[PDB]
């Protein structure tokens, strides 16, 4: 394997972290290959769940808890902290909230959150590498509570970063918020990618194509598939009661990705930097409710 940039994995990984039996587990938690049979039973279906009030309460709770866990991770970002250490804090924070860390053993993913440094687009596996001053790093958190998953991510600065890093992260955040502003009943899922790419392109950035936003509720990833690039073939129209994510991955250079030998880590083929932000959204009548929003501060961590 020829690496695309300066990043390398730092092994060994500490042994898989257990989750006390008292915490309710998703179907895939105990599957030998971490396959989710409830998800697989809906593979290739484009029909979107309309959530009940019970479902909405469940989503509101789990998404609030997920935000709390992301905030825990935010507090730990500093030079010299390893991504495994962030993951350990995340793991314990989920457990403290009587939640299962959704990524853990999801299709055999070995950790409890994804840590995506610099050229890693998404699905970076927490390991022994200490964060370095100048790095940018995304932590993507998902929690499972009472049958419901809640999912968000933010990109962070490690110490002082360069102008390019600031522009990339700022622009990525803007793409997400411009797409969210457009969410309301009657809007086609395929429109969001038009908005996101318009803004990314205007700032000299490209939009990752291989990874998309997604339905989430009783399943971790489900209909609708939500591309972040222009002129996509996404199936569906937003309706009150739909829950899904928007999670644009944006790059300094080209949009092409490839995966490391670990089967997870997705990196820019050109080794330039990528950034991502993500919210879980509920479509209402005036627009939408940002379920994973901060409740106690106006802005994402990188501005604050």
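Take the two forms, superpose them, and find the largest set of C-alpha atoms that agree within 1.5 Å; that set is the rigid core. Positions refer to the first chain, counted from 1.
The stretch that moves more in 5 other deposited structures of this protein, judged by CA deviation after a rigid core superposition and choosing between 264-272 and 42-50, is 42-50. Legend: mean Cα B-factor per stretch from the PDB entry, 246-254 versus 47-55; the higher mean is in 47-55. With 97-105 and 226-234 compared on mean CA B-factor from the PDB entry, the stretch scoring higher is 226-234.
Residue-level inspection of the entry shows that, of 240, 265, 268, 276, 240 has the top Cα B-factor.
In the deposited entry, the Cα temperature factor of residue 133 sits in the top third of values across the chain's modelled residues.
In the deposited entry, the Cα temperature factor of residue 142 sits in the bottom third of values across the chain's modelled residues. Per the PDB record, residue ranking by Cα B-factor puts residue 85 in the middle third of the chain. Among all modelled residues in its chain, residue 282 ranks in the middle third by Cα B-factor.
Per the PDB record, residue ranking by Cα B-factor puts residue 126 in the lowest third of the chain.
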